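In order, the protein sequence lines correspond to chains A, B, C, D, E and F. When we follow the working numbering, the leftmost residue of the first sequence carries the number 4, and every step to the right adds one. When we follow the working numbering, the leftmost residue of the second sequence carries the number 122, and every step to the right adds one. When we follow the working numbering, the leftmost residue of the third sequence carries the number 439, and every step to the right adds one. When we follow the working numbering, the leftmost residue of the fourth sequence carries the number 164, and every step to the right adds one. When we follow the working numbering, the leftmost residue of the fifth sequence carries the number 28, and every step to the right adds one. When we follow the working numbering, the leftmost residue of the sixth sequence carries the number 865, and every step to the right adds one.
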Amino acid sequence: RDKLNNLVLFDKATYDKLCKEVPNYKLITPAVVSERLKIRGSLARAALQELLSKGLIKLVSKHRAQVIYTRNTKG
Amino acid sequence: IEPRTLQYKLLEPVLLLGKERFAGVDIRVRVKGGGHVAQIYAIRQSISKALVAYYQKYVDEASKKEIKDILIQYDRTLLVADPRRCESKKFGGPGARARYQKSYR
Amino acid sequence: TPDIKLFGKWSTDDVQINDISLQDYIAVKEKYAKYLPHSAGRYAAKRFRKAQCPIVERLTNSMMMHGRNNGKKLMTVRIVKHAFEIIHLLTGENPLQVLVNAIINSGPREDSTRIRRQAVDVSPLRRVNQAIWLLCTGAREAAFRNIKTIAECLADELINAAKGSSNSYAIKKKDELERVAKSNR
Amino acid sequence: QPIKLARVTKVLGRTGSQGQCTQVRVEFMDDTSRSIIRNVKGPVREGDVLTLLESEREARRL
Amino acid sequence: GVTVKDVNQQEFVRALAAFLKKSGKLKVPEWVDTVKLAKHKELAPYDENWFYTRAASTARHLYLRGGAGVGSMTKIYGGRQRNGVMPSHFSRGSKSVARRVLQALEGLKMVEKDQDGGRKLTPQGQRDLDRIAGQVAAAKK
Amino acid sequence: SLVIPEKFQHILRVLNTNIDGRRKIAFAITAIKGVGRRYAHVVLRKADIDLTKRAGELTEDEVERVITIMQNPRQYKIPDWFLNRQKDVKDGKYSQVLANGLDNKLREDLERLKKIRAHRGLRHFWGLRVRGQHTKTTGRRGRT
RNA sequence: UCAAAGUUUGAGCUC
RNA sequence: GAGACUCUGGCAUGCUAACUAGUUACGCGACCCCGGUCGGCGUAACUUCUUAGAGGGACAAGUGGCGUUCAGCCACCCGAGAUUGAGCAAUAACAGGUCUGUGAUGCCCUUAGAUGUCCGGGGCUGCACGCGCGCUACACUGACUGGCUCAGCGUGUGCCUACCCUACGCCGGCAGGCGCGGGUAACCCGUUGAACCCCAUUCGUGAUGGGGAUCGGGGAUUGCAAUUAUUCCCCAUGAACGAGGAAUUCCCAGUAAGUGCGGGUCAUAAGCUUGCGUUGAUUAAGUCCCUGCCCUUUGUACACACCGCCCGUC
Ligand SMILES: [Mg+2]
Ligand SMILES: [Mg+2]
Ligand SMILES: [Mg+2]
Ligand SMILES: [Mg+2]
Ligand SMILES: [Mg+2]
Ligand SMILES: [Mg+2]
Ligand SMILES: [Mg+2]
Ligand SMILES: [Mg+2]
Ligand SMILES: [Mg+2]
Ligand SMILES: [Mg+2]
């Protein structure tokens, strides 16, 4: 009945949209970004691992089944 | 300390009594029988017993009562034993309690 | 943290139970809290041993369903652990206050029975048990076949339940039962 | 029609298919004076609190 | 200082694979590319230099308990042959890959055939265990 | 990687066979006829590939490299026991047999069994359970 | 303070 | 009959005791920063641990109401135990089943121009169709890929009887191939080298790596012989199934449910069947509404008993 047709790669404009907005969510999971922007959870994990590489997000708990990252502590 | 998912279960009594009682000791715990969680919930109770036995045995008993009472006032499972053990499957059925499946039709 | 406790990063005092109705019988305070829901067990042995069971454990108890997850308490505990942290993160309230709002709204104050059935307001053990089971079935249904994790969906579910949005299956059951009861009570 | 809390003072009796619904006398903790009867489904004990959206209804005892 | 029990094992295998590559004197088999980790396994190991990862694990089991032959390492290293529709059973590892991991570590002086049989960990092996233990300990510290 | 690659192929072609970009490279290449998940995986071990990449990332030249190794496995160093044509019918030279080669080899399996008039050829035509099943109890969607 | 609830091989029961 | 009994669990640092069990006192050795580690070595007694014989051990022992202040209940306290758990299991059925275990077997029939018997082969697996016991699912609380970790059931070379457990070094993905050993077994298998658990990746909500039915071609082994695939192995096609409608199986405590591990049989070795561990809830302390059950009363024209008897037209 319902299906998820998610995009494999970000466009450049979407890259600007990520650089702007994604660090503003308090929950940053690859699944969170996947549901909002209709993108795959695995590349989502790689994207959040990328905000880690560029140095944009702090990890709360990553684990083989389920990972969780966030924008670093707000205060 | 693997499993690391069951560590706070291990510190609950340690947090309950505090570091001052356990500070004088260093304790290795040998474990056997049961399974991994059963053994974990075992060594939980074990070291708390060994320390109560340490103050009750080699020094004055007021330390044993104060430790033991703080334990009683927090939680009774620490003293009342879990007698619970895994029940065996029985012949006459596909599962544990069922006796064989009566099958109409 | 042996002498004075900061439970991880949580205050003992200053957590107000808002609803006067369930205040004694939600025996949730100063002692019943523990570091995990998970505990040796024996909590369903005697009648009120269930009562003395911690309410976080009762959330764990309800969460594990649909076969493959029966008797995987640490995993469904970890679910409750990361979801509660998340509830605290997103709404900004003490997770048990949001949850008490869940107990308050989702607990059905009455039910119907054969005395043609008539409605009667229920006892606290079943009424809390019922609230926990209901919002668990809601979180599962919402999170099933979605990338979003069960624990994060479970945090979102306790938030929307305390809010009372009428989007929870638990509220759908409550509203159906109440209005049918008014027609035939 | 406000909300009313009531304490179970006395289990009267169980009605119901299973003798499952206690008709119970309750004391209101707001107005210590008032008291009412009504049956209840689910596990009941002498002394426990209901949040009745109405105190006026009453179950037929058998 | 530190030991395998002191270490978190996941980053242990990654540090040791790098450590054994740095040594670059295991004599890795020719078929490491072709082989699959068990007839009951579906894909090849996730680590690209996986033969090094199991050389680590097998050696470290011989530390944990010496005298661990091939069949011994496969029993400890056994598991669910998830049979789908049929019921599950215990399944040994693959011989060729296990026997060659043990023969690889016998080659480069990590493991040693003790008198009266079985392997004991050699002076070089216990050295390498506590050095990489200190390295990984420094990483987690 | 995150920017969209150049010449992104929503479908690749191989052996007149279409390949899905959504699947991960090892399992996506298996879309090709005459190569499966492990055999494809073997060609990928023989090749220089970081298999954590996705199948939309890799180029048409990579699928052609995997394919030439697959077609001439003897020429590109694939084992005899790994092949999906063990002991080939026409010449008995190890090379890989493909989709159209596969359908023709199919015609040949039918030609062999029917001409000799073997029972198992008869079992292909009749459509019965060879594996020790009761046909008393199976094959309903087809048989009405 | 009462809407309803039908049948059962011919192929062998028994001091 | 229940109970009782027999066995098991548990209290016995007490009796009797052990190089096929270990023990506590030390020291050495390599290294790490004196010591720590080691199934590397040495110093004796003893039985705390271990093994198992004899004995011994907890009983409503304490209290409240209630009760002839009786039996005792309920609740609470008191405690390592205030039901450990089985085996056996009353009278009487069903005209459900067993001549398909046997020279178990009654009666009737048969036996050389045989309805016997022997040799080989077959059906039981024969398939448009249907059901019951079962197996697998619909995924991310999860799967894919590595690493890590405590067990309990177990066995082992046989009268005839072809196959033992297996340590130690080499060969194939797998079936399986070459050196010496221990063990007929607390000595060798064997520290019973289980999974789960625990960590990082990878997957990404997809009829998906979910699901693995069906089968082409080929390689092995099990067997005198498998076409109704012997089994195992190698590569591939890949049905429905997106969490269960009226229905119905299963459950109150370590239970229900997840998850593997072993045995009988046993050539391949658990698809039968029967166990073994491992993780671990909800709910009720209530009632007999449903479903059954048990007693009392009651009516009955049934008594091969409501699956009953029994009435009229045609
Ligand atoms: Mg293992
Ligand atoms: Mg009528
Ligand atoms: Mg008839
Ligand atoms: Mg008895
Ligand atoms: Mg006979
Ligand atoms: Mg013959
Ligand atoms: Mg999910
Ligand atoms: Mg599949
Ligand atoms: Mg396939
Ligand atoms: Mg009369």
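Every residue, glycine too, gets a C-beta built ideally from N, C-alpha and C.
Is it the case that the Cβ atoms of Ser604/C and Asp594/C are separated by a distance below 8 Å?
Not in contact: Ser604/C and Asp594/C (Cβ atoms no closer than 8 Å).
For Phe39/E, which residues of its own chain have a beta-carbon under 6 Å away from its beta-carbon, when the five flanking residues on both sides are left out?
Excluding sequence neighbours, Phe39/E sits near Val163.
Would you call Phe522/C buried or exposed, if buried means 16 or more other Cβ atoms sit within 10 Å of its Cβ?
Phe522/C comes out buried.
Assuming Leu879/F and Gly900/F are in contact, meaning their beta carbons sit under 8 Å apart, how far apart are those beta carbons, in whole angstroms?
In this structure, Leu879/F and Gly900/F do not form a Cβ contact; the two beta carbons are roughly 13 Å apart against a cut-off of 8 Å.
Where the beta strand (DSSP E) containing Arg496/C begins and where it ends:
Where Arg496/C is concerned, there is no enclosing beta strand (DSSP E), although the alpha helix (DSSP H) it sits in stretches over 493 to 501.
Can you give me the start and stop residues for the beta strand (DSSP E) that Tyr72/A sits inside?
71 to 74 is the extent of the beta strand (DSSP E) around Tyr72/A.
Length of the line joining the Cα atoms of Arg547/C and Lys469/C:
Approximately 27 Å, taken between the alpha carbons.
If contact means a Cβ-Cβ distance below 8 Å, which residues of the segment 34 to 50 of chain E contact chain F?
Those residues of the segment 34 to 50 of chain E placed with their C-beta closer than 8 Å to a C-beta in chain F do not exist.
Taking the beta carbon of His905/F as the centre, do at least 16 other beta carbons fall within 10 Å, making it buried, or is it exposed?
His905/F counts as buried, since at least 16 other C-beta atoms from the protein chains shown sit within 10 angstroms of its C-beta.
Which residues, in order along the segment 552 to 585 of chain C, keep a beta-carbon less than 9 Å from a beta-carbon of chain D?
Taking 9 Å as the cut-off between beta carbons, the residues of the segment 552 to 585 of chain C near chain D are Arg552, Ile553, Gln556, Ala557, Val558, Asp559, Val560, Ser561, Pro562, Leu563, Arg564, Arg565, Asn567, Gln568, in sequence order.
Skipping 5 residues on each side, what residues in its chain have a beta carbon closer than 7 Å to that of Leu966/F?
Taken in chain order, the residues that qualify are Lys897, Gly898.
Report the rounded CA-to-CA distance for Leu30/A versus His520/C, giving the unit in angstroms.
One C-alpha to the other measures close to 11 Å.
Name, please, each residue of chain C whose Cβ falls closer than 8 Å to the Cβ of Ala34/A.
The answer, in chain order, is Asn584, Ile585, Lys586, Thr587, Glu590.
Taking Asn539/C as part of the alpha helix (DSSP H), name the residues at either end of that continuous run.
533 to 544 is the extent of the alpha helix (DSSP H) around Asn539/C.
Under DSSP, the beta strand (DSSP E) around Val59/E begins and ends at which residues?
Careful: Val59/E lies outside any beta strand (DSSP E) and carries neither H nor E.
Expected contact under 8 Å - CB spacing of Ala83/E and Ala44/E to nearest Å
Sure, about 7 Å apart at Cβ, within 8 Å.
Are the segment 443 to 456 of chain C and the segment 476 to 496 of chain C touching by the rule of at least three beta carbon pairs closer than 8 Å?
The segment 443 to 456 of chain C makes no contact with the segment 476 to 496 of chain C, as fewer than three CB pairs between them are under 8 Å.
With a threshold of 8 Å on Cβ separation, who are the neighbours of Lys61/A within its own chain once the five nearest residues in sequence on each side are excluded?
Beyond the five residues adjoining it in sequence on each side, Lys61/A comes within less than 8 Å, by CB distance, of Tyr72, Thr73, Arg74, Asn75, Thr76 in the same chain, given in chain order.
Limits of the beta strand (DSSP E) - the one that residue 232/D falls within:
Limits of chain D in this structure are 164 at one end and 225 at the other, which puts residue 232/D out of reach.
Rounded to a whole number of angstroms, what is the C-alpha to C-alpha distance between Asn543/C and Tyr90/E?
Spanning the two alpha carbons is a distance of roughly 58 Å.
Give the secondary structure of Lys897/F by DSSP, where H, G and I count as helix, E and B as strand, and everything else as coil.
Three-state result, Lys897/F: coil.
Where residue 1032/F meets chain E, residues with beta-carbon distance less than 7 Å:
In the structure displayed, chain F extends from 865 to 1008; residue 1032/F sits before or after that span and is not available.
When burial is assigned at 16 or more other CB atoms within 10 Å of the CB, is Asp155/E buried or exposed?
Classification for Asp155/E: buried.
Can you find the residues in the same chain that come closer than 8 Å, C-beta to C-beta, to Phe872/F, ignoring five residues on each side of it along the sequence?
Once the five neighbours on either side are set aside, the close Cβ partners of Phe872/F are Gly885, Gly920.
Simplified DSSP state of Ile464/C, which is helix, strand or coil:
DSSP places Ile464/C in coil when its eight states are reduced to three.
Quick check on the DSSP output: the alpha helix (DSSP H) that includes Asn567/C runs from which residue to which?
Here the alpha helix (DSSP H) through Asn567/C covers 562 to 581.
Show which residues of chain A have a CB atom less than 8 Å away from the CB atom of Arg918/F.
For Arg918/F, the residues of chain A that pass the 8 Å Cβ criterion are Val11, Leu46, in the order they occur in the chain.
Smallest Cα separation from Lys204/D: which of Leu592/C, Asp452/C, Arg555/C, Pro533/C?
Answer by Cα proximity: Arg555/C.
Using a C-beta to C-beta distance shorter than 7 Å, which residues of chain F count as neighbours of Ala71/E?
Neighbours of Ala71/E across chain F, judged by C-beta separation under 7 Å: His905, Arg909.
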